[PDB]
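Enquirer: My structure is below; once you've seen it, I'll send some questions.
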Amino acid sequence: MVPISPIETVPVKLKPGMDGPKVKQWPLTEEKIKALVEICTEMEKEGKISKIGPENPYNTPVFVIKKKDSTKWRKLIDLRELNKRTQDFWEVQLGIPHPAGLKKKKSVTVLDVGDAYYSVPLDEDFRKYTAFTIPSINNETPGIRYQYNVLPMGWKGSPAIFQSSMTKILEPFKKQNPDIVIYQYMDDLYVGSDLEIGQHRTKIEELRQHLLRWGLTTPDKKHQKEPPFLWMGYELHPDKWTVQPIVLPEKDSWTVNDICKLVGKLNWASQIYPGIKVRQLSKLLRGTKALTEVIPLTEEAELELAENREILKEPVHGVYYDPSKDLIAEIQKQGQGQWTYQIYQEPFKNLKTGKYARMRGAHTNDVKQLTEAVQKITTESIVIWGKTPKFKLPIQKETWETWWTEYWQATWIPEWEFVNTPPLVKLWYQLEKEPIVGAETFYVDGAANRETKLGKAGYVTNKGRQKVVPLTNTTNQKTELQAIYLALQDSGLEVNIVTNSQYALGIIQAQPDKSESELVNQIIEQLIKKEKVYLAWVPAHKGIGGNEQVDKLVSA
Amino acid sequence: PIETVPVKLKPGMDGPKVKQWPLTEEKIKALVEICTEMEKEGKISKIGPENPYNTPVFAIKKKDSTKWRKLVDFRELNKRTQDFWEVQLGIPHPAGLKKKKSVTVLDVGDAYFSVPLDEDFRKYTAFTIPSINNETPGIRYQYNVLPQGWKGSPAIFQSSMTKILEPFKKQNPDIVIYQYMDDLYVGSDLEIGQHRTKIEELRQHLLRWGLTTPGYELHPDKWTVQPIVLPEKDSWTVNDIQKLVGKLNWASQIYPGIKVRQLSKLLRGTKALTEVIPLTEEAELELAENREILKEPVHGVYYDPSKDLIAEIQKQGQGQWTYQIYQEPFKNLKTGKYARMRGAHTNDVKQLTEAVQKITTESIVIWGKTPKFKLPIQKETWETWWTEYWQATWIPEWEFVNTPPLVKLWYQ
DNA sequence: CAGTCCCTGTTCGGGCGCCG
DNA sequence: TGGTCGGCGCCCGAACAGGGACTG
Ligand SMILES: Nc1ncnc2c1ncn2[C@H]1CC[C@@H](COP(=O)(O)OP(=O)(O)OP(=O)(O)O)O1
Ligand SMILES: OC[C@H]1O[C@@](CO)(O[C@H]2O[C@H](CO)[C@@H](O)[C@H](O)[C@H]2O)[C@@H](O)[C@@H]1O
Ligand SMILES: [Mg+2]
Ligand SMILES: [Mg+2]
């Protein structure tokens, strides 16, 4: 019985018909070797590590990185080849806790487990595959080979095994203490109660004894008796919370990697700081080869970056969640398919903020994007609070009613009210349901030659108006749109248009206000200027009316 | 202490790995309460991350129930068990069930908990319970018995089920019973009161065998279809005839006897859309002959047991929805319309959800299958809301389509 | 009646940010 | 020195699916 057993282990098979890792160690510099050898030798006395005879035919590289904000070093074993061949697990970490989720508590304790990975036993049969060879100051001394007796940093089964093991240990305590809140994220524990501060600390220490029984040690050094607590990158105060300060690079010359950090920082910032915009900064990253390449900032990304920094200038903070009061989400349109939102309960006291900028579709409008933002907020809210907020939306009740009733897709927004904060979201134009009496009827068509990429777009009308236009470097689709554009240009404020293009009719009937295609944008521009447009569809090549005549013209 | 029937996945197919989606606080609370009791009774037990399979779980309230029902989305598992519940232990379909004046649906899901489940198979029934704001990691379980909503459950229990049924079946030979997953379809031609009474008898009959039943009533004979219809107009504008020709031309992919020649003649010029066009006698007769053909059935449309059912739905506005069930394109086994459903004029998603359920129910009664739905909705819109309005114990297959409607062929 | 080409939308893996 | 794991978020681009129109 050379090694003791502390807590229940997790069976871990290899992927079937596959064998343990073999790969030679790195040429590690002696400076790192000093740090590694001292800690690694200590492990054997505890029982974390064991010596192995050459009967163990497995070798895997090893390396070390300094603990951030500490002099200590972190001991990590590269298991990339072992991961590849190790059985798949099901991750039990389904997301990240957000402080806006937290309810107010009278007493809050944050405590961190020490050597959390090294306090959880690895599977006995699986221990052999860990084997790695230590290095020496010279290449003469071989260095001992070691197999882990506990979870090792760098494996792919470590987080899930620890989290599941931690939950099993915590579960008896929680059942005995139904009114204690324990937020368990990896080894960090957040403990909150409405118990008075003296009684709360009694439970806190009593919980520490419970974790001690299973070999889990909570050092005082990482204990956080007193606010403001540092938790998941946030600063927690009795009645408010905020993000730990974010440093934005100041570089005078920006590379590609530069913008990524910036962008990724601003996304983290936008959870509380209202109105962060990354659109123009992200425009710089599209279709670039090298992460190292240097790129100059446009006057758009510069102006953007300027007001983004100024938002960070003033300190902001969020509040906590009061289950008694309603949840309210308000959304503002920021232009260029950019939307920001605030979730709150008391007016002007925000739980959190956020943005929805995703451009979805080649042709779209503001109503679709607002519906997308509402959905993104709803799912986010259900994660954090388990309910859907009431919505305050910058869209008239009649605008929304007109859109969803007429749209051919099922669409819906949950309970919401109108807020009159401009810019309001509206439909820029409306297609007529019935043909317009006394309006000129334009029969439009276009065709193009697949080989030459040459084509014609034209129309014929009941009044005798006619046009045919030659086009270069086009497609059948593009000429069918062009024909419609021509009819809109050359018509009065009211016009009936008959097309046989399903492509064009589908784009235009969805009432888009923005498009990737400039041609569609120009069609939109004209539709907005009209008083009445009736679009109608007929099947091609059926000998119908004007459609037959215009088909002949453009085919020529 | 019952023998456990061994089960295997379809060859070359691994188990389901499907992430758990976020749940509302009420559903999470209901699931935690439901699973706590189920663990104490031994139906499920907690499991570790070493199991690499997961299936989504959530809770529903059946129509008017007010009492939460656990529901597992086993579609992925059921697809990987598929050969089992078809090739071997499957159920025949009573072609007469659709003919009965009344059909009641009973939730016998509880019965499945009696039988135990093959120890080797339980690794595939894993499901994770989420926590609000990720306070805790996911609490994983797996099934020790026959799970509700799995397609092996009614097949393994069919031997047990028939013996319980058999005294009741002998007492009433005429009555027809069909079993689809957790549900028992009981179709009688009796009068309403006698019918309801016999259901209580089959309830008690189920009770003395140890089964609780928490009544969905159908009248499959009332069910009708929705024919393609052509408008009746005193006068026709050029636009009306253009719409009519387009609708008829599309219809000719279904009824090959449709002819547009005489109706096309009416639009030879280049005419204003609102210009009134008198119909000729030749066009009147062509239009008359067409309306008759549309009353007729399509030639050679018959159900094929091998082929999958496909359902398409269209949103017609004003609370009206149209659907077509088929296996081959343009060979439609049924076409229908739904109006004034729950959520009409206020919620498209609630209405679409109700529509999917009704269509699936009809397919179960008529063919003992569930169709694959082509849903006229955006993937993110459907996934966000659909569980809120779901009141059935099964879950059909669906895909998402965005077809703008050139012509309103199915509706008017 | 296949086979393309347009055109659109989805998915998935890459980078970064953040948390252990 | 360059180098590990899991989770979540964003924004990207490439690779893939599929529906119509048209070409033989
Ligand atoms: N860069 C990384 N790579 C792999 N695993 C990591 C990691 N960073 C954290 N983890 C995982 C590994 C375990 C856990 C590390 O948390 P602590 O930083 O607190 O190190 P601990 O062992 O707890 O020492 P203590 O300071 O508590 O005494 O998260
Ligand atoms: O609806 C899309 C959604 O399907 C998931 C589960 O939410 O897959 C399930 O539903 C599909 C469509 O019916 C089935 O084909 C599939 O077998 C079933 O597991 C998602 O991962 C996907 O986003
Ligand atoms: Mg720690
Ligand atoms: Mg044409």
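How things are named: the first chain in the structure tokens is A, the next is B, and so on; residues count from 1 in each chain; ligands count from 1 in the order shown.
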Kindly compile the residues surrounding ligand 3 within 12 Å, counting only C-alpha atoms (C1' of nucleotides) and all ligand atoms, and format them as a PyMOL selection string.
Expert: (chain A and resi 67+74+110-119+162+184-189+216-223) or (chain C and resi 20)
Enquirer: Could you list, as a list in words, every residue of chain C that has an atom within 12 Å of an atom of chain B, counting only C-alpha atoms (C1' of nucleotides)?
Expert: residues 8, 9 and 10 of chain C
Enquirer: For C-alpha atoms (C1' of nucleotides), I'd like the residues from the last selection saved as a CSV table (one decimal), in the first residue's frame.
Expert:
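Contents of part_9.csv, as written:
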```csv
chain,number,residue,atom,x,y,z
C,8,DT,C1',-27.6,32.9,-50.6
C,9,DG,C1',-27.1,31.1,-45.9
C,10,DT,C1',-25.1,27.8,-42.6
```
Enquirer: Assign secondary structure with DSSP using the backbone only, and return the residues of stretch 146-346 of chain A in strand (DSSP E or B) as a VMD selection string.
Expert: chain A and resid 146 to 148 150 181 to 185 188 to 193 217 224 229 to 231 234 to 236 241 to 243 255 294 318 321 328 to 333 339 to 344
Enquirer: Only N, CA and C atoms, please: the residues just picked out, written as a compact mmCIF listing (two decimals), in the first residue's frame.
Expert:
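Written output follows (out04.txt):
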```txt
# COMPACT_ATOMS: atom_id res chain seq x y z
N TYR A 146 8.59 10.20 -14.04
CA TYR A 146 7.53 10.41 -13.06
C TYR A 146 6.16 10.16 -13.66
N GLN A 147 5.27 9.57 -12.86
CA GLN A 147 3.87 9.38 -13.21
C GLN A 147 2.99 10.08 -12.19
N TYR A 148 2.02 10.86 -12.68
CA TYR A 148 1.13 11.59 -11.80
C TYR A 148 0.23 10.66 -11.01
N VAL A 150 -2.35 12.26 -9.43
CA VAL A 150 -3.43 13.22 -9.26
C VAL A 150 -3.60 13.96 -10.58
N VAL A 181 -25.47 30.34 -0.45
CA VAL A 181 -25.22 30.39 -1.88
C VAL A 181 -23.73 30.13 -2.10
N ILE A 182 -23.41 29.10 -2.86
CA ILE A 182 -22.04 28.78 -3.24
C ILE A 182 -21.98 28.79 -4.76
N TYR A 183 -21.32 29.81 -5.32
CA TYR A 183 -21.00 29.83 -6.74
C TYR A 183 -19.67 29.10 -6.92
N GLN A 184 -19.71 27.94 -7.57
CA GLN A 184 -18.54 27.09 -7.77
C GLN A 184 -18.09 27.20 -9.22
N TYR A 185 -16.94 27.83 -9.43
CA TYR A 185 -16.33 27.92 -10.75
C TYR A 185 -14.88 27.46 -10.63
N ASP A 188 -12.43 28.28 -7.54
CA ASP A 188 -12.86 29.50 -6.87
C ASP A 188 -14.27 29.33 -6.34
N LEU A 189 -14.46 29.61 -5.05
CA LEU A 189 -15.75 29.48 -4.40
C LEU A 189 -16.22 30.83 -3.88
N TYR A 190 -17.45 31.19 -4.22
CA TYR A 190 -18.11 32.40 -3.75
C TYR A 190 -19.19 31.95 -2.78
N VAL A 191 -19.11 32.42 -1.54
CA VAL A 191 -20.05 32.00 -0.51
C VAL A 191 -20.76 33.25 0.00
N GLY A 192 -22.08 33.24 -0.09
CA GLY A 192 -22.89 34.38 0.33
C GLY A 192 -24.08 33.93 1.15
N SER A 193 -24.33 34.66 2.23
CA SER A 193 -25.47 34.37 3.10
C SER A 193 -26.06 35.67 3.61
N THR A 217 -7.59 22.14 0.51
CA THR A 217 -7.07 23.12 1.45
C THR A 217 -7.35 24.52 0.92
N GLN A 224 -10.74 35.80 1.18
CA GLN A 224 -11.18 37.19 0.97
C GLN A 224 -12.32 37.49 1.94
N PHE A 229 -14.27 42.24 -3.08
CA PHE A 229 -13.78 40.94 -3.50
C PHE A 229 -13.38 40.96 -4.97
N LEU A 230 -12.38 40.16 -5.31
CA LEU A 230 -11.96 39.97 -6.69
C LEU A 230 -12.44 38.60 -7.14
N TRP A 231 -13.31 38.58 -8.14
CA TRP A 231 -14.02 37.37 -8.53
C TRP A 231 -14.32 37.44 -10.01
N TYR A 234 -13.98 40.60 -11.86
CA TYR A 234 -14.80 41.72 -11.43
C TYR A 234 -14.45 42.12 -10.01
N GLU A 235 -14.80 43.35 -9.65
CA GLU A 235 -14.69 43.85 -8.29
C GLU A 235 -16.09 43.89 -7.69
N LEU A 236 -16.29 43.15 -6.60
CA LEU A 236 -17.61 43.02 -5.99
C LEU A 236 -17.66 43.86 -4.72
N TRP A 241 -21.01 46.41 -8.41
CA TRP A 241 -19.91 45.64 -8.97
C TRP A 241 -19.40 46.36 -10.21
N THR A 242 -18.17 46.04 -10.60
CA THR A 242 -17.61 46.59 -11.83
C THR A 242 -16.51 45.67 -12.32
N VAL A 243 -16.13 45.87 -13.58
CA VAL A 243 -15.01 45.14 -14.15
C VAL A 243 -13.71 45.67 -13.57
N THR A 255 -0.40 46.88 -35.62
CA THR A 255 -0.32 45.67 -36.41
C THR A 255 -1.70 45.03 -36.49
N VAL A 294 1.40 45.07 -40.31
CA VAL A 294 1.02 46.38 -39.81
C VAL A 294 -0.09 46.95 -40.69
N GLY A 318 -22.20 48.27 -12.33
CA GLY A 318 -23.50 47.63 -12.36
C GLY A 318 -23.98 47.31 -10.96
N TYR A 321 -29.09 41.77 -8.71
CA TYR A 321 -30.39 41.34 -9.20
C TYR A 321 -31.37 41.22 -8.04
N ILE A 328 -35.93 44.61 -17.24
CA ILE A 328 -36.24 45.48 -18.37
C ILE A 328 -35.01 45.61 -19.25
N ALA A 329 -35.18 45.37 -20.55
CA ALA A 329 -34.14 45.54 -21.54
C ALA A 329 -34.55 46.66 -22.50
N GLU A 330 -33.70 47.67 -22.64
CA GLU A 330 -33.91 48.75 -23.59
C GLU A 330 -32.82 48.70 -24.65
N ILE A 331 -33.21 48.92 -25.91
CA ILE A 331 -32.31 48.81 -27.05
C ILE A 331 -32.30 50.15 -27.79
N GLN A 332 -31.11 50.55 -28.24
CA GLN A 332 -30.95 51.72 -29.09
C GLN A 332 -30.27 51.31 -30.40
N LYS A 333 -30.70 51.93 -31.49
CA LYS A 333 -30.05 51.77 -32.79
C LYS A 333 -28.83 52.68 -32.88
N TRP A 339 -26.27 47.88 -32.68
CA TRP A 339 -27.28 48.03 -31.65
C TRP A 339 -26.63 47.83 -30.29
N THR A 340 -27.01 48.66 -29.32
CA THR A 340 -26.62 48.47 -27.94
C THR A 340 -27.87 48.36 -27.08
N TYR A 341 -27.71 47.75 -25.91
CA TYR A 341 -28.84 47.53 -25.03
C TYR A 341 -28.40 47.65 -23.58
N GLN A 342 -29.37 47.96 -22.72
CA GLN A 342 -29.16 48.02 -21.28
C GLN A 342 -30.22 47.16 -20.62
N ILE A 343 -29.81 46.34 -19.66
CA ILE A 343 -30.72 45.55 -18.84
C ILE A 343 -30.69 46.12 -17.43
N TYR A 344 -31.87 46.46 -16.91
CA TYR A 344 -31.97 47.10 -15.60
C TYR A 344 -33.28 46.70 -14.95
```
Enquirer: Taking only C-alpha atoms (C1' of nucleotides) and all ligand atoms into account, list the residues no farther than 12 Å from ligand 2, as JSON, numbers by chain.
Expert: {"B": [15, 16, 17, 18, 19, 20, 21, 22, 54, 55, 56, 57, 58, 72, 73, 74, 75, 76, 77, 78, 79, 80, 81, 82, 370, 371, 372, 373, 374, 375, 377, 378, 379, 380, 381, 382, 383, 384, 385, 386, 387, 394, 395, 396, 397, 398, 399, 400, 401], "C": [10, 11]}
Enquirer: Could you list, as a PDB file with N, CA and C atoms, in the first residue's frame, all residues that come within 9 Å of ligand 4? Count only C-alpha atoms (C1' of nucleotides) and all ligand atoms.
Expert:
```pdb
ATOM      1  N   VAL A 444     -40.900  44.236 -67.119  1.00  0.00           N
ATOM      2  CA  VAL A 444     -39.447  44.291 -67.056  1.00  0.00           C
ATOM      3  C   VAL A 444     -38.889  42.886 -67.207  1.00  0.00           C
ATOM      4  N   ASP A 445     -37.734  42.799 -67.860  1.00  0.00           N
ATOM      5  CA  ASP A 445     -36.989  41.553 -67.938  1.00  0.00           C
ATOM      6  C   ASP A 445     -35.540  41.878 -68.260  1.00  0.00           C
ATOM      7  N   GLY A 446     -34.684  40.898 -68.035  1.00  0.00           N
ATOM      8  CA  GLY A 446     -33.287  41.010 -68.411  1.00  0.00           C
ATOM      9  C   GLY A 446     -32.722  39.633 -68.650  1.00  0.00           C
ATOM     10  N   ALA A 447     -31.723  39.565 -69.523  1.00  0.00           N
ATOM     11  CA  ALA A 447     -31.023  38.320 -69.778  1.00  0.00           C
ATOM     12  C   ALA A 447     -29.549  38.618 -69.984  1.00  0.00           C
ATOM     13  N   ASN A 476     -27.596  36.819 -65.216  1.00  0.00           N
ATOM     14  CA  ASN A 476     -29.044  36.853 -65.392  1.00  0.00           C
ATOM     15  C   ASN A 476     -29.717  37.533 -64.206  1.00  0.00           C
ATOM     16  N   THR A 479     -29.213  41.339 -64.266  1.00  0.00           N
ATOM     17  CA  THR A 479     -29.987  42.062 -65.269  1.00  0.00           C
ATOM     18  C   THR A 479     -31.462  42.124 -64.899  1.00  0.00           C
ATOM     19  N   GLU A 480     -31.966  41.106 -64.199  1.00  0.00           N
ATOM     20  CA  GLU A 480     -33.351  41.132 -63.747  1.00  0.00           C
ATOM     21  C   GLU A 480     -33.566  42.234 -62.717  1.00  0.00           C
ATOM     22  N   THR A 499     -42.561  41.509 -63.245  1.00  0.00           N
ATOM     23  CA  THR A 499     -41.339  40.753 -63.480  1.00  0.00           C
ATOM     24  C   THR A 499     -41.642  39.259 -63.464  1.00  0.00           C
ATOM     25  N   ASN A 500     -40.782  38.483 -64.121  1.00  0.00           N
ATOM     26  CA  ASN A 500     -40.794  37.031 -63.984  1.00  0.00           C
ATOM     27  C   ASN A 500     -39.620  36.513 -63.162  1.00  0.00           C
ATOM     28  N   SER A 501     -38.854  37.407 -62.544  1.00  0.00           N
ATOM     29  CA  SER A 501     -37.687  37.039 -61.747  1.00  0.00           C
ATOM     30  C   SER A 501     -38.096  36.722 -60.310  1.00  0.00           C
ATOM     31  N   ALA A 540     -42.180  32.930 -66.711  1.00  0.00           N
ATOM     32  CA  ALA A 540     -41.533  33.222 -67.977  1.00  0.00           C
ATOM     33  C   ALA A 540     -41.948  32.210 -69.042  1.00  0.00           C
ATOM     34  N   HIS A 541     -41.839  32.638 -70.301  1.00  0.00           N
ATOM     35  CA  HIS A 541     -41.970  31.758 -71.465  1.00  0.00           C
ATOM     36  C   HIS A 541     -43.363  31.147 -71.572  1.00  0.00           C
ATOM     37  N   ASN A 547     -44.710  40.619 -70.756  1.00  0.00           N
ATOM     38  CA  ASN A 547     -43.561  39.800 -70.387  1.00  0.00           C
ATOM     39  C   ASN A 547     -42.945  39.129 -71.609  1.00  0.00           C
ATOM     40  N   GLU A 548     -43.783  38.650 -72.533  1.00  0.00           N
ATOM     41  CA  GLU A 548     -43.269  38.035 -73.752  1.00  0.00           C
ATOM     42  C   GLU A 548     -42.482  39.037 -74.593  1.00  0.00           C
ATOM     43  N   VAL A 550     -40.938  42.040 -73.713  1.00  0.00           N
ATOM     44  CA  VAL A 550     -39.672  42.451 -73.109  1.00  0.00           C
ATOM     45  C   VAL A 550     -38.672  41.301 -73.076  1.00  0.00           C
ATOM     46  N   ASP A 551     -39.152  40.060 -72.966  1.00  0.00           N
ATOM     47  CA  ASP A 551     -38.245  38.916 -73.021  1.00  0.00           C
ATOM     48  C   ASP A 551     -37.530  38.844 -74.365  1.00  0.00           C
ATOM     49  N   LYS A 552     -38.255  39.119 -75.452  1.00  0.00           N
ATOM     50  CA  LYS A 552     -37.651  39.112 -76.780  1.00  0.00           C
ATOM     51  C   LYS A 552     -36.596  40.205 -76.915  1.00  0.00           C
ATOM     52  N   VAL A 554     -34.646  41.762 -74.614  1.00  0.00           N
ATOM     53  CA  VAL A 554     -33.396  41.564 -73.886  1.00  0.00           C
ATOM     54  C   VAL A 554     -32.658  40.322 -74.374  1.00  0.00           C
ATOM     55  N   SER A 555     -33.378  39.329 -74.901  1.00  0.00           N
ATOM     56  CA  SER A 555     -32.716  38.134 -75.415  1.00  0.00           C
ATOM     57  C   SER A 555     -31.826  38.466 -76.608  1.00  0.00           C
TER      58      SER A 555
END
```
Enquirer: I need the chain B residues near chain A as JSON, numbers by chain; criterion: at most 7 Å, counting only C-alpha atoms.
Expert: {"B": [22, 23, 24, 25, 48, 49, 50, 51, 52, 53, 132, 133, 134, 135, 136, 137, 138, 242, 246, 264, 267, 268, 269, 270, 271, 272, 273, 274, 315, 317, 347, 348, 349, 376, 377, 381, 384, 404, 406]}
Enquirer: Would you give me, as a count of residues only, the residues of chain C that come within 7 Å of chain A, using only C-alpha atoms (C1' of nucleotides)?
Expert: 5
Enquirer: Per DSSP on the backbone, what are the alpha helix (DSSP H) residues of stretch 193-417 of chain A, as number ranges by chain?
Expert: A: 197-213, 256-269, 279-283, 299-313, 366-385, 397-406
Enquirer: Define the interface residues of chain D facing chain A as those within 7 Å, counting only C-alpha atoms (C1' of nucleotides), and report them as a list in words.
Expert: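 Only these qualify: residues 4, 5, 6, 7, 8, 10 and 12 of chain D.
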Enquirer: Please produce a file of the residues just selected, as an mmCIF file, in the first residue's frame, where the atoms kept are N, CA and C atoms (P, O5', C5', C4', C3', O3' and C1' of nucleotides).
Expert:
```cif
data_model
loop_
_atom_site.group_PDB
_atom_site.id
_atom_site.type_symbol
_atom_site.label_atom_id
_atom_site.label_comp_id
_atom_site.auth_asym_id
_atom_site.auth_seq_id
_atom_site.Cartn_x
_atom_site.Cartn_y
_atom_site.Cartn_z
ATOM 1 P P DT D 4 0.377 25.603 -26.401
ATOM 2 O "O5'" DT D 4 0.067 24.584 -25.211
ATOM 3 C "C5'" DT D 4 0.312 23.200 -25.388
ATOM 4 C "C4'" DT D 4 -0.282 22.396 -24.248
ATOM 5 C "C3'" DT D 4 -1.777 22.566 -24.053
ATOM 6 O "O3'" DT D 4 -2.491 21.699 -24.921
ATOM 7 C "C1'" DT D 4 -0.694 22.799 -21.975
ATOM 8 P P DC D 5 -3.946 22.119 -25.456
ATOM 9 O "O5'" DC D 5 -4.885 21.968 -24.170
ATOM 10 C "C5'" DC D 5 -5.000 20.707 -23.529
ATOM 11 C "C4'" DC D 5 -5.948 20.786 -22.350
ATOM 12 C "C3'" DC D 5 -7.259 21.484 -22.637
ATOM 13 O "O3'" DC D 5 -8.171 20.575 -23.231
ATOM 14 C "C1'" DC D 5 -6.359 22.284 -20.598
ATOM 15 P P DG D 6 -9.157 21.076 -24.394
ATOM 16 O "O5'" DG D 6 -10.426 21.634 -23.598
ATOM 17 C "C5'" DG D 6 -11.164 20.761 -22.757
ATOM 18 C "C4'" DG D 6 -11.967 21.541 -21.734
ATOM 19 C "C3'" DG D 6 -12.806 22.667 -22.295
ATOM 20 O "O3'" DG D 6 -14.017 22.163 -22.835
ATOM 21 C "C1'" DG D 6 -11.674 23.417 -20.369
ATOM 22 P P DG D 7 -14.800 22.992 -23.968
ATOM 23 O "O5'" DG D 7 -15.463 24.204 -23.163
ATOM 24 C "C5'" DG D 7 -16.354 23.934 -22.087
ATOM 25 C "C4'" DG D 7 -16.631 25.192 -21.283
ATOM 26 C "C3'" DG D 7 -17.101 26.379 -22.096
ATOM 27 O "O3'" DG D 7 -18.500 26.283 -22.334
ATOM 28 C "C1'" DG D 7 -15.422 27.067 -20.574
ATOM 29 P P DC D 8 -19.076 26.491 -23.819
ATOM 30 O "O5'" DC D 8 -19.343 28.065 -23.901
ATOM 31 C "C5'" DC D 8 -20.193 28.681 -22.947
ATOM 32 C "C4'" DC D 8 -19.819 30.135 -22.741
ATOM 33 C "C3'" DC D 8 -19.756 30.965 -24.006
ATOM 34 O "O3'" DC D 8 -21.061 31.368 -24.398
ATOM 35 C "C1'" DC D 8 -17.897 31.465 -22.627
ATOM 36 P P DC D 10 -21.523 36.724 -28.972
ATOM 37 O "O5'" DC D 10 -20.380 37.563 -29.710
ATOM 38 C "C5'" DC D 10 -20.242 38.954 -29.454
ATOM 39 C "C4'" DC D 10 -19.028 39.507 -30.170
ATOM 40 C "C3'" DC D 10 -18.932 39.134 -31.637
ATOM 41 O "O3'" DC D 10 -19.730 40.031 -32.451
ATOM 42 C "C1'" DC D 10 -16.854 38.722 -30.582
ATOM 43 P P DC D 12 -16.203 41.232 -39.214
ATOM 44 O "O5'" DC D 12 -15.357 40.058 -39.896
ATOM 45 C "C5'" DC D 12 -13.950 40.198 -40.048
ATOM 46 C "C4'" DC D 12 -13.283 38.847 -40.228
ATOM 47 C "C3'" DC D 12 -13.701 38.077 -41.466
ATOM 48 O "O3'" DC D 12 -12.967 38.531 -42.604
ATOM 49 C "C1'" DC D 12 -13.408 36.628 -39.566
#
```
